[PDB]
Amino acid sequence: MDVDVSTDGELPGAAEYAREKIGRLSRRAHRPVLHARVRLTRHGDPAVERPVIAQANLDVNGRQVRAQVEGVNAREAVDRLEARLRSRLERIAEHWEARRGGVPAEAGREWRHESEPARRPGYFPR
Amino acid sequence: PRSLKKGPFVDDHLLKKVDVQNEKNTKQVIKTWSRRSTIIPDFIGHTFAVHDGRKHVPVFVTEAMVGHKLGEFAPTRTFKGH
Amino acid sequence: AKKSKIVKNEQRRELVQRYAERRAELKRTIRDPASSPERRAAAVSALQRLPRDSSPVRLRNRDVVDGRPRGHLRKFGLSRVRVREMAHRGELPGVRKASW
Amino acid sequence: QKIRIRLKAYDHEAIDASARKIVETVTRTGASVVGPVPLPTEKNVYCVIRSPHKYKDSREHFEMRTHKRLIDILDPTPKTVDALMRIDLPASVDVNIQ
Amino acid sequence: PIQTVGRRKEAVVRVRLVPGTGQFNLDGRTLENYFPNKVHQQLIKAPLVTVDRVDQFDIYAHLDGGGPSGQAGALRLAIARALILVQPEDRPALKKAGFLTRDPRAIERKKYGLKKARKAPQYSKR
Amino acid sequence: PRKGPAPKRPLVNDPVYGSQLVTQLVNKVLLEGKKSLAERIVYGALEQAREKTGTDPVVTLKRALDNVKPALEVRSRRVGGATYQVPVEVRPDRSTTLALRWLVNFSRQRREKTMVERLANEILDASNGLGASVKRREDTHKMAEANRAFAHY
Amino acid sequence: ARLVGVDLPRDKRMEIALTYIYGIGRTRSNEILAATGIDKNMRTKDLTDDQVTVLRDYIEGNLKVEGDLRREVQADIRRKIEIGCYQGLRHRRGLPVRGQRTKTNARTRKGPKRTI
RNA sequence: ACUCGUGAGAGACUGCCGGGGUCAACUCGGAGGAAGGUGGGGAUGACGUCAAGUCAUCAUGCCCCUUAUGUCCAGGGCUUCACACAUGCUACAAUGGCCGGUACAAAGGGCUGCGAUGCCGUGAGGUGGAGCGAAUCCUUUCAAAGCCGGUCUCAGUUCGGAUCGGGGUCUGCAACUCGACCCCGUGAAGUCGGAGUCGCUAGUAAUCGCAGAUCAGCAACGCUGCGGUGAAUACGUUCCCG
C-alpha cells in the first residue's frame, strides 16, 4: 500500500514512522485500498497535554475509513492511530465471515428486521 | 513583446555606461542591475555582469543575442533534479 | 492593515495628483501619434526620469478607514467586511438586504 | 419655454411627497403641469461574502434602489420660478432643474 | 376593436383581432416567415381548432421578449383571451382545454454555492 | 416517492401523425433539448419506412413496438436477507417505455452512416422481427423464464 | 499527383489537398489557389500536367516548404539552444518553453507518464 | 387605445359543495378562478455540539523584538516539478465540422468612463470623436443554440486542439523569469474511459449565449446573476447513507 503523509511544522521522522506503520494495514483490509492519507499536526499552545494530532483516511473500495488520535509525541500518536484504524477495519469487514451471525436463521425461532415474514392463509386458522 | 512605436527599451544607467565604454574602444566588465534592458547593437563586444538574485553572472554579447534582454542569460532558479 | 502602508498609499495619491496630472500625460500625448517625432524627443526617456510613484499603475484601492487591500467596492470605498457591518446598522442610505 | 423638474430619491414615500407638494405649489402660482410621470427604478446590486475568512459559498446580497419622477410645467411666470427656488424639501430627495 | 395580451416566461404578445380571413400578421411577417416550426403552428392554432373558428379572423400581433417557444405560448394565450372576449359563451371549451390559464413557469433564480439553480458542485468524500 | 406516486406528464399528440407514440419516440431520441432536430430525425425515419414498405409508417411502427414489447422482466429482490433474480410482470406503460428505449439505443449503435437511416432500418427489422431489439426481448424473456423458480416471492 | 515530392491525396478538394504540403495550412492554400487561378473545389484526380507545373513553380517561387522549412526550424531551435538562453535549456530537458505550468500538466513535453 | 414602466388596491381564506372522518383535528374529490389547499422561489438558522475556523478584516489579555522580528529601496519568489489528490474547461464527432443567408431575450454597466458614424488594416487594433451621468447615447440596431442552402462521407479525418517556430497589437515606467489578444505555419494525446463515485423530480437536469464585481492590463475555463431551447423517470421503502 502507498501512503502520502501531509505533516506540518516540526515533526522529524514522523512521516517515515507513520508511513511504515500504516502501510502494514493493507492485509487487514478485506478489499483493495484505493487511497490512504495521513496528516500530522502539532498544537502551538504548550498548555496542551496531548499536542500532537494524527488523522488518517483510507478508501476501502469506496468505503471511507477514518480515525483521529492525540498523543504527546509523534510515535504515540501514530501507534494509537494504527490501533484505531485496525478497530475500524475490523468493524467494516462486511465479508461473509463478518455477516454470518447477523443473517436471520431458523424458521420460527428468533426474529430480526430482515427475517422472512410468516406466510398466512386467507381464512383464520381456527 | 514591446510595441514597435515605443522602440526598444534600455535603462539609462547602462546606456550612458556603454556610451562612455565604447568611446575609447576599451571594453571592461560592466556590473549591471537592469535585467529588463534589451540588447542593442552597441553591446556587441561588451561583457555584462548581469544580476541573478544572488550574484552577477558574466554575459559576453554576440551578434546572435541582439534584440533579447539581458535577463534571458541569467537563469534565476536552480534545479538539479530529485 | 499596517499604518505605514496606509500612509504610503496616500503619499502615492498626492504624488499622482502633482505629477500624473500634466507631466505624465503630455508625454503620452506625444507618443500617441506616429506623426509626432517621439524618437529624438525622448518623451519615453523623459517620462522614465519621472518617479515611479507618479504613475497611477502603482495605486491600490484600500478600505477608506480599515486599510483592507482586498474585497474593495468602488461605490463605497469600503471593504466587504465593513460594508456588511454598516449596511446592517443602517448607515449607508438606501441599502438593504435583497430578495427576489 | 418649459423647464424639466427631475426627482431622484432612495425612498418612495419621500419622493412622492415632494412631487405632490411641488405640483401643489406650482398650481398655487397658476402653472400648467403634466403630473408626476413615473420613470424606471434604477437597481444597483452587490454580492458580498458573510464571513471574514473563507466560507465563500455563503453570500449576502444588497441593492440600492433609486426612484425617479418627472415634473414638467408650462407658462414660466416669474412668480412660479421665485416659488420654485423658495421650496424646502427633505434632504433625501434631490431636485434637478433644467 | 378588441385587444388582449399573452405572457409566457418573459415573452409578451399583443393581439389585435378582426373578423377577416385566416391571414396571420406577426409584426408584418406571416405565420410561415415567422414560426417555421410545425409544432409551434399547431400550438398557435389549437384554440381556433377547439373553437372551430379557423379561417374567420384576421390576426395582427405584436411580439417582444423571450424566444420562439415563449412567443408562441404567449400568442396562443392571447388568441384564447381574444376569443373569450369576442364570444363569451364558449368559455367551457377553451377553459377545460387549459388555454385560459397563464403558465407560471419562469427561470428559477441561480443560487450562490450552486453552479445552477439546483445543480450542486461535485463533492468528493475521499 | 416515499409519500406516494407522482403524477405523470400528459404530453401532446403529434400534429403531422396524430399519434401519442411518435411524440414519445421523439422525446426518447431527444438530446440536449434540440427538439427540432429530434422531430426531423423521427419524421425522416418514418418517411423512409413509408417509402421502403409503401404503407403507413404508424402501423409498421406499432408492429415493431409489439414485436419488441416485453412482458416478463427480472428484478433483484431481497427477501429474508437474501437476493435473487425474480421474474416480474411488466405494466403496459413500462413495456412501451422499454421497447422505445431499446429501439432508440440499438438504432444509435447501427452502422447506416446517419441516425435517420439507422432508425428506419431498426424499425423495419423490428417490424419483420429481425432487429437487435427483438433479440434483446428474446434474451430478457429467456432470463425471466430461466429464473421461474423464484416467482413465488 | 507528385507535388514537391508529396504524394497528394487520391480524391480531395484542392485547397485541403494542398494542406498536406508541410509548409501550407488552409489560408496559404486558399490564397495561392486564388492567386494562381485554379479552381478550389475540383478533385485531385482532375489535375492536368501543366496545372502541376504551375503549382510547382509558384510554390518554389514565393513559398518555402518541405525539407527546407524543416531544416530551418531545426536550425533555429538548435541556435536558440546553443546560446544558453532560457528557451535553450528548456528545449534541452524537454520541458514547456512558454511559461506553462509544470506542477501537474505539460505531459506533451514530458511524454507519456512514468511511475517512480 | 394595447404593452411597459411604478404607486395604491383587489385577489386563496378549505371561502363553497359532496364523501370520509369522535361531528374533532385532518383528509379525498368537484365547482369557481390567473392561481387550491404552507401556489413557485427567496430572506429568516431555536438551546447547543464539534476547545470547528479566523490573534493575517478588526479589537484584545499575557509573552516576546525594539540599533531589530520595526522601517525604506532594487532585484528575485509566491508561477519552481520524478509524482499524488481535488474542482473545472475542451474533445474523442455526422443529433457533427466548415461556408453563406436569416429570426427571436432578459438583466446589467458607463465621466477624466461608455464611447458611435467615418477612414486605415486581414486581425487583434490604429486615427478620430457624434451622443450620453444616461427608459434618450454607447454597450452595436444587441445574442448563440435555432431555421434555410451548399460542402464534407465515417478517416485519428475538413474531428480534436495541445505543443512548438516566425511575425504583430494593447495596457503598463517595464510583458525575460511572468499578461491577454491577433496572423501564418506546426497538428500531440484522445476511438466514450477499471474498481469505484457525483448532481438532479419540471421550466428541473442537459445544452446555448449575455452581463457584473475585482480590475491600467489580464492567468476568468473561476464566482455572482440573466435570459433562449428544453427532457426521462419515480413500481415502492428490503437494502446503502443521514
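Above this text you will find the structure in question.
Remarks on the protein's contact with RNA strand H
Then, number 1: If you check the shell around RNA strand H, you find 171 residues, and the closest are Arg52 of chain C, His67 of chain D, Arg91 of chain E, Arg9 of chain F together with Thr102 of chain G.
Then, number 2: Considering RNA strand H, the proportion of its atoms within 4 Å of the protein that are sugar or phosphate atoms stands at 74%.
Then, number 3: One nitrogen or oxygen atom from the side chain of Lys97 of chain C is found 3.4 Å from a sugar or linking oxygen belonging to RNA strand H.
Then, number 4: The contact in question runs from a sugar or linking oxygen of RNA strand H to an N or O atom on the side chain of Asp76 of chain G, over 3.1 Å.
Then, number 5: The element best represented in the surface near RNA strand H is strand β2 (residues 37-49) of chain D, accounting for seven residues.
Then, number 6: When grouped by side-chain class, the residues that make up the surface near RNA strand H number 45 nonpolar, 44 polar and 82 charged.

Observations regarding the environment of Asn121 of chain F
Then, number 1: Inspection of the secondary structure assignment puts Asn121 of chain F in helix α5 (residues 115-128).
Then, number 2: Leave out the neighbours within four places in its chain, and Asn121 of chain F touches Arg110 and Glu112 of chain F.

Description of the sheet that holds strand β1 (residues 30-31) of chain B
Residue and element names in this part refer to chain B.
Then, number 1: Read from one edge of the open sheet, three strands run β1-β2-β3, paired in mixed fashion. Looking along the sheet, the strands with just one partner apiece sit at the ends: β1 and β3 (56-60).
Then, number 2: Note: β1 against strand β2 (residues 47-51), two bridges, orientation parallel. Counterpart to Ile30 in the pairing with β2 is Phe48.

A closer look at empty space enclosed by the protein
Residues and elements named next belong to chain D.
Then, number 1: In this structure, the largest cavity encloses a volume near 50 Å³.
Then, number 2: Looking at the largest cavity, the residues that line it are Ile3, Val26, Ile73, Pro76, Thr80, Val81 and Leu84.
Then, number 3: If one sorts the elements of the lining of the largest cavity by residue count, helix α2 (residues 78-84) sits on top with three residues.
Then, number 4: By residue class, the composition of the lining of the largest cavity is six nonpolar, one polar and no charged.

Examining the sheet that holds strand β3 (residues 52-60) of chain A
Across a sheet, paired strands are connected by hydrogen bonds in the backbone, their directions being either parallel or antiparallel.
Residues and elements named next belong to chain A.
Then, number 1: Across the sheet, four strands lie side by side as β1-β2-β3-β4; this open sheet has mixed pairing. This sheet does not close on itself; its edge strands, each paired only once, are β1 (4-6) and β4 (63-71). Ignoring strand direction, the axes of neighbouring strands in this sheet form an average angle of 15°.
Then, number 2: Bridge count for strand β2 (residues 33-41) against β3 is eight bridges, and the pairing is antiparallel. Among the inter-strand pairings, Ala36 is bridged to a residue of β3, identified as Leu58.
Then, number 3: Strands in contact with helix α2 (residues 74-92) are β2, β3 and β4; relative to β4, the strand with the most contacts, it is inclined by about 150°.

Side note on the interface of chain E and chain F
Then, number 1: Taken residue by residue, the interface counts four residues in chain E and five residues in chain F.
Then, number 2: At the junction of chain E with chain F, the criterion picks out zero salt bridges.
Then, number 3: Taken together, the residues of the side of chain E that touches chain F sort by class into one nonpolar, two polar and one charged.

Overview of the interface of chain D and chain C
Then, number 1: With 13 residues of chain D at the contact, the number on the chain C side is 15 residues.
Then, number 2: Of the roughly 1,500 Å² buried between chain D and chain C, counting both surfaces, carbon and sulfur atoms make up 56%.
Then, number 3: Our count for the contact surface shared by chain D and chain C stands at three salt bridges.
Then, number 4: Here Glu63 of chain D ties to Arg96 of chain C by a salt bridge, and the two come within 3.9 Å at their closest N and O atoms.
Then, number 5: Where chain D packs against chain C, one counts seven residue pairs in polar contact.
Then, number 6: Looking at the side of chain D that touches chain C, the elements with two or more residues in it are β2 and β3 (59-72) of chain D.
Then, number 7: Grouping the constituent residues of the side of chain D that touches chain C by class yields seven nonpolar, two polar and four charged.
Then, number 8: Pairing geometry for strand β3 (residues 96-97) of chain C and β3 of chain D, over two bridges, is antiparallel. Along β3 of chain D, the bridge assignment pairs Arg96 of chain C with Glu63 of chain D.

Thresholds, definitions, all that
- Residues numbered from 1 in each chain as written, not as in the entry; some residues may be left out.
- Chains lettered and ligands numbered in written order.
- Part of a larger assembly, values for the part shown.
- Heavy atoms only, no water.
- Residues with missing side-chain atoms left out of burial classes, pairs and counts.
- Near = heavy atom within 4 Å.
- Polar contact = N/O pair within 3.5 Å; in protein donor to acceptor, adjacent residues only side chain to side chain.
- Helix = DSSP H or I, 4+ residues; strand = E, 2+ residues; numbered from the N terminus.
- Nonpolar A, V, L, I, M, F, W, Y, C, P; charged D, E, K, R; others polar.
- Contact = heavy atoms within 4.5 Å.
- Pairing = 2+ DSSP bridges.
- 1 Å grid on protein atoms, 1.4 Å probe; cavity = no way out; pocket = protein on both sides within 12 Å on 5 of 7 lines; lining within 4 Å.
- Points joined across faces, edges and corners; volume = space filled by probe spheres on them.
- Axes fitted to C-alpha atoms, helices over the stretch in contact; angles between N-to-C directions.
- Salt bridge = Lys/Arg side-chain N within 4 Å of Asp/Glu carboxyl O.
- Buried area = accessible area lost by both parts, 1.4 Å probe.

From the geometry alone we can't say anything about function, so treat these as descriptive.
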